[PDB]
Amino acid sequence: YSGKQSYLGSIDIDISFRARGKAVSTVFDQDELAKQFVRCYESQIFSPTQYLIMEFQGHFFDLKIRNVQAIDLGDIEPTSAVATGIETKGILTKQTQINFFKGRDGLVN
Amino acid sequence: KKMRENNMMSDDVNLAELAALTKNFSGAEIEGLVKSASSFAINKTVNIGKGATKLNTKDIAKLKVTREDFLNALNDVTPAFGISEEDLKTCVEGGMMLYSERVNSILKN
Numbered sequence: 107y108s109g110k111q112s113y114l115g116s117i118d119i120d121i122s123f124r125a126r127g128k129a130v131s132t133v134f135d136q137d138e139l140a141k142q143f144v145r146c147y148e149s150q151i152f153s154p155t156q157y158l159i160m161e162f163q164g165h166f167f168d169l170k171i172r173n174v175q176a177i178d179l180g181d182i183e184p185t186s187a188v189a190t191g192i193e194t195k196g197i198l199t200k201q202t203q204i205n206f207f208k209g210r211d212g213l214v215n
Numbered sequence: 433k434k435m436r437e438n439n440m441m442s443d444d445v446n447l448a449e450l451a452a453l454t455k456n457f458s459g460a461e462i463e464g465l466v467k468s469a470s471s472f473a474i475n476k477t478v479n480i481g482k483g484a485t486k487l488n489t490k491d492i493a494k495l496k497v498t499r500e501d502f503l504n505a506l507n508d509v510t511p512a513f514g515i516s517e518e519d520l521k522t523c524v525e526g527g528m529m530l531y532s533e534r535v536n537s538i539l540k541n
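Protein chains in written order, with UniProt numbering: chain F, 107 to 215; chain V, 433 to 541.
Given below as structure tokens:
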């Protein structure tokens, strides 16, 4: 279906607290979060608006892939447009630029 | 001041000509000039709107302002007291020609 863009170049993920009463003010390291997502979920195919439940250091979060950027191997530059359309999907790699964005509630620090 | 010591500025700009160009600028206009020049440089990277998401370390890792950005910036900020000499420069839009000796004598006198 994809033809060439089989891998995830950059991935943008909205992080939210699953439980409102479990808001905790710890400073969360993006690199560790990315590592956690990759170690738990590797080479998995992802779409926009796909949801996930994430367990980091005992804390449960709801993750919403807001948009996806699919690129083929061998593309030096990320010239590909980031698609908000759910059709675009790709396969996770250990090098995807993972940007985490505050949820609509905006409590994750 | 800080730009220069932080090595965020091209070596081509020389302050003397800037000081020459800004005839009737007040003290409070120069800062706006700085702002606009910066805005041009920074917009060159982000391209707000259409070509979004190009942000990356390489782009931001070599940002420097350029002289032509200042030259461009002169078109946004305008003096407030230097509004009447504009009439004088537009008075000779028809050009000047030396079809006769007489004009030279008059100008010399």
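Ideal Cβ positions, reconstructed from N, Cα and C, are used throughout, including at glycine.
- Only those residues of the stretch 182-213 of chain F whose C-beta falls short of 7 Å from the nearest C-beta of chain V are listed: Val188.
- In terms of Cβ geometry, F:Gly209 and F:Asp120 form a close pair [threshold 8 Å].
- Listed along the chain, the chain F residues whose CB falls inside 7 Å of the CB of V:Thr485 are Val188.
- Assigned with DSSP and collapsed to three states, V:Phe513 falls in coil, not helix or strand.
- Spatial neighbours of V:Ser470 in its own chain (CB-CB distance under 7 Å, excluding positions within 5 residues in sequence) are listed in chain order as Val497.
- Taking the Cβ atoms as the reference, F:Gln175 lies roughly 5 Å from F:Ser116, within the contact range of under 8 Å.
- Proximity to F:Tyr113 across F:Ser186, F:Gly212, F:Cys146 peaks at F:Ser186, based on C-alpha coordinates.
- In the three-state reduction of the DSSP assignment, F:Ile192 falls in the coil class.
- Taking 8 Å as the cut-off, the beta carbon of F:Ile159 is found closer than this to the beta carbon of F:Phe166.
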